[PDB]
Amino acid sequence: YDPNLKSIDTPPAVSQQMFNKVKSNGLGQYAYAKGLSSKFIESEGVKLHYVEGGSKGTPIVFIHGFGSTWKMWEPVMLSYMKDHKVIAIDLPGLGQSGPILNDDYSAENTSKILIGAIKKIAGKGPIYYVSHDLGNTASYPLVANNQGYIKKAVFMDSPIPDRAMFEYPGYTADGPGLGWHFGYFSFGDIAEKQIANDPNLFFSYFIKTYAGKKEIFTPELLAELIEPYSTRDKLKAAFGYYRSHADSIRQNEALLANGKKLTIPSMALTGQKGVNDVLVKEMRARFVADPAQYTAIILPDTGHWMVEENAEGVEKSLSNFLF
């Protein structure tokens, strides 16, 4: 939290002009760099958007989270595609993926949707799997239940839903705590509605609060990052993950109680100025069978939006761990 950060005063109508420009000119989530291919695939009745590059080499699957789309991974995808098949999927309901109509955005359901698509896109495997933010919510069952097919897994910054997610405090001595948004985002359809009235206002403040390098987030970049979350339908989907967290927690806790910890190499890669050490301690204590297979890296001076803020640190950390 930053007591000194100001919220914007941009009129929502002006912000909508910015979002429209992004969509009309194929910028942001719609901009696919040379070598990358935008595609759609149906899985369990859900139309998923994904972007892929490369061909030979162990495939690497990248799953974004809240405030992001496949786009967050583009710099890393570009770096790796000469040596690896790279695949970045928009989570169900977000980016250019369609919604889960029965509102079951729990880890088990999203993992079922994702693995089916991945098996078709990536092929026989094995593959590497890399996740950030809600990606970590969507993915634990997928990873835990497909070890072998998944040869190594990385979770970034955000905690994996577990018992502690019923504990993170709403308020702290430093102001608003890690826990508060888990509550606001699951509080009826209130966040969807309020944020839909002025997405630029909420997200400009939210995104910068969780950034270490705030200067990276110019109004232009923010317009590109917020456009995919600028409508009620996309916000409803996003907040479905939050509504479903209690389900996700029960599901992951059941997995751990049945012994389904990670027995493949895994990494917690976090930003010191982001969620910082929560995921590192969590994975070490509860999710890894053998600490010797576990790597923890906390990037200094780097906030939650790890590739935006430190693409080089992320690429190097991933390369050192995966390859």
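For every residue, the number given is its place in the sequence shown, counted from 1.
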| property | result |
| --- | --- |
| Stretch with the greater mean C-alpha B-factor as recorded in the entry, comparing 32-40 against 65-73 | 32-40 |
| Average Cα temperature factor in the PDB entry - higher stretch of 221-229, 80-88 | 80-88 |
| Residue selected from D157, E108, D104, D174 by maximal Cα B factor | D174 |
| Out of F239, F166, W180, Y210, highest CA B-factor residue | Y210 |
| CA B-factor placement of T302, once the chain's modelled residues are sorted into thirds | middle |
| Chain third (lowest, middle, highest) by recorded CA B-factor, residue given as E253 | middle |
| Record-listed C-alpha B factor of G53: chain third | highest |
| CA B-factor placement of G274, once the chain's modelled residues are sorted into thirds | middle |
| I121 - Cα temperature factor, lowest/middle/highest third of chain | highest |
